[PDB]
Amino acid sequence: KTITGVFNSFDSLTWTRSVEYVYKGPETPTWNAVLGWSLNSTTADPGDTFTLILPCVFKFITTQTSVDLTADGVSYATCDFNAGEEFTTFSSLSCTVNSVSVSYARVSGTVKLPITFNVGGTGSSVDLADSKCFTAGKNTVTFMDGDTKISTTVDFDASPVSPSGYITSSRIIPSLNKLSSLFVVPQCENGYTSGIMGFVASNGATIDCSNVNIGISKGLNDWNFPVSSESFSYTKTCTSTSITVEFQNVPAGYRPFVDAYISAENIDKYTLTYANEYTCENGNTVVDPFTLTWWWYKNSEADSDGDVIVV
């Protein structure tokens with residue numbers, strides 16, 4: 001049978017600082033969610049199943065496939081991780097009650113889930129939906145076990161990057177062994193005449209042309225991600241080494257952007273070179289190419305200018 005109500009509290013949600021990760025953004029590893037759970041042998045049998053839904057969670061920051069609900073050395077249930085990634089706007093746990101050698105009546109404990117949230121990152125439908133999950137500052141984070149909600153408050157820092165410049169972001173998609181990578185053109189408040197946007201991959205990275213998004217977004221959210229993806233006039237060329245989009249007239253209030261999946265499999269880091277040209281309406285063409293090295297993990301540690309770490 002299916003049981004509900006096993007996870008019965010959301011005790012704390014805290015960010016663990018690494019050497020390479022500096023601000024407490026929603027997508028920055030690692031947020032740890034500590035939940036309270038309990039089981040009662042009169043209402044749950046070994047092999048009964050239960051699920052926990054984690055809206056707006058992109059993935060679990062672990063290599064393990066499962067985590068156990070344990071107390072005082074004993075494993076009372078095992079929960080498989082099912083990350084949302086670019087498949088769903090939520091993640092979940094699928095859990096089963098375990099058989100045990102010593103019988104128990106009622107037991108309870110806590111479990112810690114290492115996660116990052118999805119507040120956007122590409123023009124995909126999942127990312128555009130989750131770009132509206134949270135705002136900078138105080139938010140309530142809720143998970144659901146059957147029909148019951150368990151909640152805590154959190155404070156998320158907004159991006160320290162100014163929204164009006166170019167934006168770049170790279171995020172690992174662990175189940176695909178790929179990353180997504182995003183580039184948003186600098187802001188032309190009164191619209192664009194034309195521009196060229198995109199990136200060429202080098203130093204171990206290739207672009208997956210089957211998984212690209214090109215759009216204009218009506219502004220960006222608090223972490224500078226696209227919040228919509230409307231139609232516009234452009235032409236594009238995508239190869240395994242380069243994606244380039246040349247666009248014409250974009251209206252005031254919109255920001256053109258391009259993202260694609262990147263494979264960068266046996267390396268600590270890869271390089272993207274961004275063309276970055278744009279012409280604002282009644283302005284002159286700006287040509288401002290730049291290069292970034294994206295590190296899978298770092299490793300340097302926490303360096304600066306041109307060196308950025310993936311989330």
# chains A, B, ... in the order shown; residues from 1 in each chain; ligands from 1

$ residues_around --residues "range 65-73 of chain A" --least-positions-apart "3" --cutoff "12 Å" --atoms "only C-alpha atoms" --output "number ranges by chain"
A: 6-7, 34-39, 59-62, 76-83, 92-98, 100, 102, 104, 106-114, 174-175

$ closest_atom_pairs --of "range 231-280 of chain A" --to "range 207-223 of chain A" --cutoff "7 Å" --atoms "only C-alpha atoms" --output "CSV"
residue,atom,partner,partner_atom,distance
A:231,CA,A:215,CA,6.3
A:238,CA,A:209,CA,6.0
A:239,CA,A:209,CA,6.5
A:240,CA,A:207,CA,4.7
A:241,CA,A:207,CA,5.8
A:242,CA,A:207,CA,6.7
A:253,CA,A:218,CA,5.9
A:254,CA,A:218,CA,4.5
A:255,CA,A:217,CA,5.1
A:256,CA,A:216,CA,4.0
A:257,CA,A:215,CA,5.6
A:258,CA,A:214,CA,4.5
A:259,CA,A:213,CA,5.3
A:260,CA,A:212,CA,4.1
A:261,CA,A:208,CA,5.2
A:262,CA,A:207,CA,4.6
A:263,CA,A:207,CA,6.3

$ write_last_selection --atoms "N, CA and C atoms" --output "PDB file, in the first residue's frame"
ATOM      1  N   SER A 231       8.615  35.085 -29.599  1.00  0.00           N
ATOM      2  CA  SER A 231       9.117  35.070 -30.971  1.00  0.00           C
ATOM      3  C   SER A 231       9.709  36.388 -31.417  1.00  0.00           C
ATOM      4  N   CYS A 238      24.051  26.528 -35.761  1.00  0.00           N
ATOM      5  CA  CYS A 238      24.536  25.801 -34.625  1.00  0.00           C
ATOM      6  C   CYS A 238      25.390  24.636 -35.149  1.00  0.00           C
ATOM      7  N   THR A 239      26.618  24.581 -34.674  1.00  0.00           N
ATOM      8  CA  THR A 239      27.437  23.372 -34.864  1.00  0.00           C
ATOM      9  C   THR A 239      27.893  22.801 -33.538  1.00  0.00           C
ATOM     10  N   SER A 240      28.610  21.667 -33.578  1.00  0.00           N
ATOM     11  CA  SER A 240      29.130  21.124 -32.320  1.00  0.00           C
ATOM     12  C   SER A 240      30.117  22.081 -31.683  1.00  0.00           C
ATOM     13  N   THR A 241      30.662  23.073 -32.416  1.00  0.00           N
ATOM     14  CA  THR A 241      31.558  23.989 -31.771  1.00  0.00           C
ATOM     15  C   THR A 241      31.012  25.384 -31.560  1.00  0.00           C
ATOM     16  N   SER A 242      29.890  25.707 -32.157  1.00  0.00           N
ATOM     17  CA  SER A 242      29.511  27.154 -32.107  1.00  0.00           C
ATOM     18  C   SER A 242      27.994  27.301 -32.226  1.00  0.00           C
ATOM     19  N   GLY A 253      12.022  46.765 -23.610  1.00  0.00           N
ATOM     20  CA  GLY A 253      11.591  45.971 -22.467  1.00  0.00           C
ATOM     21  C   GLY A 253      11.967  44.470 -22.641  1.00  0.00           C
ATOM     22  N   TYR A 254      12.472  44.039 -23.810  1.00  0.00           N
ATOM     23  CA  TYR A 254      12.813  42.612 -24.013  1.00  0.00           C
ATOM     24  C   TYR A 254      14.290  42.424 -24.009  1.00  0.00           C
ATOM     25  N   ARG A 255      14.748  41.180 -23.723  1.00  0.00           N
ATOM     26  CA  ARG A 255      16.124  40.875 -23.698  1.00  0.00           C
ATOM     27  C   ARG A 255      16.313  39.567 -24.516  1.00  0.00           C
ATOM     28  N   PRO A 256      17.032  39.654 -25.600  1.00  0.00           N
ATOM     29  CA  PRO A 256      17.273  38.442 -26.350  1.00  0.00           C
ATOM     30  C   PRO A 256      18.267  37.548 -25.558  1.00  0.00           C
ATOM     31  N   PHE A 257      18.135  36.246 -25.735  1.00  0.00           N
ATOM     32  CA  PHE A 257      19.023  35.296 -25.032  1.00  0.00           C
ATOM     33  C   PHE A 257      19.137  34.002 -25.830  1.00  0.00           C
ATOM     34  N   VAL A 258      20.190  33.242 -25.541  1.00  0.00           N
ATOM     35  CA  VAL A 258      20.391  31.934 -26.219  1.00  0.00           C
ATOM     36  C   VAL A 258      20.954  30.998 -25.178  1.00  0.00           C
ATOM     37  N   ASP A 259      20.505  29.761 -25.216  1.00  0.00           N
ATOM     38  CA  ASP A 259      21.150  28.775 -24.317  1.00  0.00           C
ATOM     39  C   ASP A 259      21.260  27.472 -25.069  1.00  0.00           C
ATOM     40  N   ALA A 260      22.210  26.662 -24.645  1.00  0.00           N
ATOM     41  CA  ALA A 260      22.289  25.372 -25.259  1.00  0.00           C
ATOM     42  C   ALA A 260      22.876  24.396 -24.210  1.00  0.00           C
ATOM     43  N   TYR A 261      22.695  23.099 -24.469  1.00  0.00           N
ATOM     44  CA  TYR A 261      23.440  22.040 -23.668  1.00  0.00           C
ATOM     45  C   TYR A 261      24.836  21.917 -24.171  1.00  0.00           C
ATOM     46  N   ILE A 262      25.757  21.665 -23.226  1.00  0.00           N
ATOM     47  CA  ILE A 262      27.163  21.557 -23.522  1.00  0.00           C
ATOM     48  C   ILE A 262      27.603  20.185 -23.010  1.00  0.00           C
ATOM     49  N   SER A 263      28.439  19.475 -23.801  1.00  0.00           N
ATOM     50  CA  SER A 263      29.083  18.301 -23.247  1.00  0.00           C
ATOM     51  C   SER A 263      30.489  18.659 -22.989  1.00  0.00           C
TER      52      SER A 263
END

$ residues_around --residues "residue 4 in chain A" --least-positions-apart "2" --cutoff "7 Å" --atoms "only C-alpha atoms" --output "mmCIF file with N, CA and C atoms, in the first residue's frame"
data_model
loop_
_atom_site.group_PDB
_atom_site.id
_atom_site.type_symbol
_atom_site.label_atom_id
_atom_site.label_comp_id
_atom_site.auth_asym_id
_atom_site.auth_seq_id
_atom_site.Cartn_x
_atom_site.Cartn_y
_atom_site.Cartn_z
ATOM 1 N N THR A 2 0.198 2.454 -0.349
ATOM 2 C CA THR A 2 0.837 3.780 -0.238
ATOM 3 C C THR A 2 0.451 4.397 1.060
ATOM 4 N N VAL A 6 4.454 10.626 6.339
ATOM 5 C CA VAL A 6 5.698 10.173 6.993
ATOM 6 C C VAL A 6 6.572 11.367 7.296
ATOM 7 N N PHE A 50 5.877 5.568 -0.149
ATOM 8 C CA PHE A 50 5.435 6.910 0.126
ATOM 9 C C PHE A 50 6.332 7.867 -0.692
ATOM 10 N N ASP A 145 3.887 15.940 1.311
ATOM 11 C CA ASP A 145 3.808 14.522 1.518
ATOM 12 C C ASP A 145 2.287 14.185 1.479
ATOM 13 N N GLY A 146 1.858 13.472 0.448
ATOM 14 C CA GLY A 146 0.388 13.407 0.148
ATOM 15 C C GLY A 146 -0.270 14.777 0.061
#

$ residues_around --residues "residue 156 in chain A" --least-positions-apart "2" --cutoff "7 Å" --atoms "only C-alpha atoms" --output "JSON, numbers by chain"
{"A": [24, 25, 26, 136, 137, 138, 154, 158]}

$ residues_around --residues "residue 289 in chain A" --least-positions-apart "6" --cutoff "8 Å" --atoms "only C-alpha atoms" --output "list in words"
residues 273, 274, 275, 276 and 277 of chain A

$ closest_residue --among "A:140, A:168, A:131, A:118" --to "residue 13 in chain A" --atoms "only C-alpha atoms"
A:140

$ select_by_dssp --residues "range 112-221 of chain A" --states "helix (DSSP H, G or I)" --output "PyMOL selection string"
chain A and resi 125-130+174-176

$ write_last_selection --atoms "N, CA and C atoms" --output "compact mmCIF listing (two decimals), in the first residue's frame"
# COMPACT_ATOMS: atom_id res chain seq x y z
N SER A 125 10.55 25.13 -21.04
CA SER A 125 9.35 25.39 -20.31
C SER A 125 9.49 25.19 -18.82
N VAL A 126 10.25 24.16 -18.39
CA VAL A 126 10.49 23.99 -16.95
C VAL A 126 11.23 25.17 -16.36
N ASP A 127 12.26 25.69 -17.03
CA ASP A 127 13.00 26.78 -16.42
C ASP A 127 12.20 28.09 -16.39
N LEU A 128 11.44 28.33 -17.43
CA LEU A 128 10.60 29.55 -17.47
C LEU A 128 9.51 29.48 -16.35
N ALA A 129 8.95 28.29 -16.15
CA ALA A 129 7.96 28.16 -15.05
C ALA A 129 8.63 28.40 -13.69
N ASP A 130 9.79 27.82 -13.47
CA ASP A 130 10.48 28.00 -12.20
C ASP A 130 11.20 29.33 -12.01
N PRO A 174 22.92 16.60 -14.05
CA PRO A 174 23.78 15.41 -13.76
C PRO A 174 23.31 14.15 -14.48
N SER A 175 22.03 13.97 -14.69
CA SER A 175 21.54 12.69 -15.20
C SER A 175 21.86 12.57 -16.70
N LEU A 176 22.11 13.72 -17.33
CA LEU A 176 22.48 13.74 -18.77
C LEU A 176 23.96 13.81 -19.03

$ residues_around --residues "range 265-272 of chain A" --least-positions-apart "5" --cutoff "8 Å" --atoms "only C-alpha atoms" --output "list in words"
residues 177, 178, 199, 200, 201, 202, 203, 204, 205, 291, 292, 293, 294, 295, 296 and 297 of chain A

$ write_last_selection --atoms "C-alpha atoms" --output "compact mmCIF listing (two decimals), in the first residue's frame"
# COMPACT_ATOMS: atom_id res chain seq x y z
CA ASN A 177 26.20 14.27 -18.19
CA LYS A 178 25.71 17.71 -19.76
CA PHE A 199 29.24 31.35 -28.04
CA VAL A 200 31.96 29.14 -29.43
CA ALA A 201 33.11 26.20 -27.23
CA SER A 202 36.75 25.21 -26.90
CA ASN A 203 39.03 23.30 -24.54
CA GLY A 204 36.94 20.13 -24.29
CA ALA A 205 33.40 21.53 -24.60
CA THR A 291 35.87 34.78 -22.95
CA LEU A 292 35.08 32.77 -19.87
CA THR A 293 36.54 29.65 -18.42
CA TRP A 294 33.89 27.58 -16.69
CA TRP A 295 35.14 25.19 -13.99
CA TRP A 296 33.21 21.99 -13.03
CA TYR A 297 34.64 22.38 -9.51

$ select_by_dssp --residues "range 251-302 of chain A" --states "strand (DSSP E)" --output "PyMOL selection string"
chain A and resi 255-263+269-274+277-280+285-287+290-295

$ closest_residue --among "A:87, A:225, A:234, A:10" --to "residue 159 in chain A" --atoms "only C-alpha atoms"
A:225

$ atom_distance --atom1 "CA of residue 8 in chain A" --atom2 "CA of residue 89 in chain A"
22.7 Å

$ closest_residue --among "A:19, A:173, A:245, A:161" --to "residue 299 in chain A" --atoms "only C-alpha atoms"
A:19

$ closest_residue --among "A:148, A:18, A:181, A:9" --to "residue 302 in chain A" --atoms "only C-alpha atoms"
A:18

$ residues_around --residues "residue 233 in chain A" --least-positions-apart "6" --cutoff "9 Å" --atoms "only C-alpha atoms" --output "ChimeraX atom specification"
/A:246-250

$ decode --residues "range 188-225 of chain A" --atoms "N, CA and C atoms" --output "compact mmCIF listing (two decimals), in the first residue's frame"
# COMPACT_ATOMS: atom_id res chain seq x y z
N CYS A 188 19.19 47.05 -23.91
CA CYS A 188 18.96 48.27 -24.72
C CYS A 188 17.55 48.67 -24.29
N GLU A 189 17.45 49.66 -23.41
CA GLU A 189 16.17 49.97 -22.79
C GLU A 189 15.12 50.25 -23.83
N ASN A 190 15.50 50.92 -24.92
CA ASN A 190 14.51 51.34 -25.91
C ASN A 190 14.41 50.34 -27.13
N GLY A 191 14.97 49.13 -26.99
CA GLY A 191 14.87 48.11 -28.03
C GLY A 191 16.16 48.00 -28.82
N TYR A 192 16.24 47.01 -29.68
CA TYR A 192 17.43 46.75 -30.45
C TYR A 192 17.06 46.91 -31.93
N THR A 193 18.02 47.39 -32.68
CA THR A 193 18.04 47.28 -34.13
C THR A 193 18.50 45.94 -34.63
N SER A 194 19.54 45.39 -33.99
CA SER A 194 20.17 44.16 -34.48
C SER A 194 21.19 43.72 -33.43
N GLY A 195 21.70 42.52 -33.56
CA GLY A 195 22.78 42.11 -32.69
C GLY A 195 23.15 40.65 -33.06
N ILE A 196 24.25 40.20 -32.48
CA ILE A 196 24.71 38.86 -32.70
C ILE A 196 25.00 38.28 -31.28
N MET A 197 24.47 37.12 -31.02
CA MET A 197 24.65 36.58 -29.66
C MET A 197 24.99 35.12 -29.77
N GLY A 198 25.74 34.57 -28.80
CA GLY A 198 26.05 33.13 -28.93
C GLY A 198 27.44 32.89 -28.34
N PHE A 199 27.95 31.72 -28.62
CA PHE A 199 29.24 31.35 -28.04
C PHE A 199 29.90 30.24 -28.82
N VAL A 200 31.24 30.23 -28.77
CA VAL A 200 31.96 29.14 -29.43
C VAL A 200 32.68 28.39 -28.26
N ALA A 201 32.60 27.07 -28.33
CA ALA A 201 33.11 26.20 -27.23
C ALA A 201 34.50 25.78 -27.64
N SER A 202 35.38 25.71 -26.66
CA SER A 202 36.75 25.21 -26.90
C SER A 202 37.22 24.54 -25.63
N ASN A 203 38.40 23.91 -25.74
CA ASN A 203 39.03 23.30 -24.54
C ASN A 203 38.16 22.23 -23.90
N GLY A 204 37.61 21.35 -24.74
CA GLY A 204 36.94 20.13 -24.29
C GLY A 204 35.42 20.19 -24.36
N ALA A 205 34.87 21.40 -24.55
CA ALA A 205 33.40 21.53 -24.60
C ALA A 205 32.93 21.44 -26.06
N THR A 206 31.83 20.69 -26.28
CA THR A 206 31.02 20.75 -27.49
C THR A 206 29.56 21.14 -27.20
N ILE A 207 28.90 21.70 -28.19
CA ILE A 207 27.52 22.19 -28.01
C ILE A 207 26.64 21.13 -28.57
N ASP A 208 25.59 20.81 -27.83
CA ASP A 208 24.60 19.89 -28.29
C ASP A 208 23.50 20.67 -29.02
N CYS A 209 23.49 20.62 -30.36
CA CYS A 209 22.49 21.37 -31.16
C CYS A 209 21.05 20.88 -31.11
N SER A 210 20.81 19.69 -30.53
CA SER A 210 19.48 19.20 -30.33
C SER A 210 18.82 19.84 -29.16
N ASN A 211 19.56 20.59 -28.36
CA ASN A 211 18.94 21.14 -27.09
C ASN A 211 19.29 22.64 -26.88
N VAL A 212 18.68 23.48 -27.72
CA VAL A 212 19.03 24.92 -27.68
C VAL A 212 17.75 25.68 -27.44
N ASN A 213 17.84 26.88 -26.92
CA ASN A 213 16.65 27.74 -26.85
C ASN A 213 17.05 29.11 -27.30
N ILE A 214 16.22 29.76 -28.12
CA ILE A 214 16.57 31.13 -28.49
C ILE A 214 15.30 31.92 -28.32
N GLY A 215 15.35 33.06 -27.61
CA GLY A 215 14.11 33.75 -27.28
C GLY A 215 14.38 35.17 -26.98
N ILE A 216 13.29 35.95 -26.87
CA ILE A 216 13.42 37.23 -26.15
C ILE A 216 12.51 37.15 -24.90
N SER A 217 13.03 37.64 -23.75
CA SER A 217 12.39 37.57 -22.51
C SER A 217 11.95 38.98 -22.11
N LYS A 218 10.79 39.05 -21.51
CA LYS A 218 10.24 40.39 -21.05
C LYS A 218 10.83 40.70 -19.69
N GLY A 219 12.07 41.17 -19.66
CA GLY A 219 12.80 41.42 -18.43
C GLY A 219 13.43 40.13 -17.94
N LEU A 220 14.08 40.20 -16.78
CA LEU A 220 14.76 39.00 -16.19
C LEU A 220 14.33 38.97 -14.72
N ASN A 221 14.46 37.83 -14.07
CA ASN A 221 14.08 37.77 -12.63
C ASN A 221 15.23 38.22 -11.70
N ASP A 222 15.08 38.03 -10.37
CA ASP A 222 16.10 38.51 -9.45
C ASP A 222 17.44 37.87 -9.57
N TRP A 223 17.55 36.73 -10.28
CA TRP A 223 18.84 36.15 -10.52
C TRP A 223 19.24 36.29 -11.99
N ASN A 224 18.61 37.20 -12.69
CA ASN A 224 18.98 37.61 -14.06
C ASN A 224 18.65 36.51 -15.07
N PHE A 225 17.66 35.67 -14.76
CA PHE A 225 17.26 34.63 -15.72
C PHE A 225 16.05 35.05 -16.50
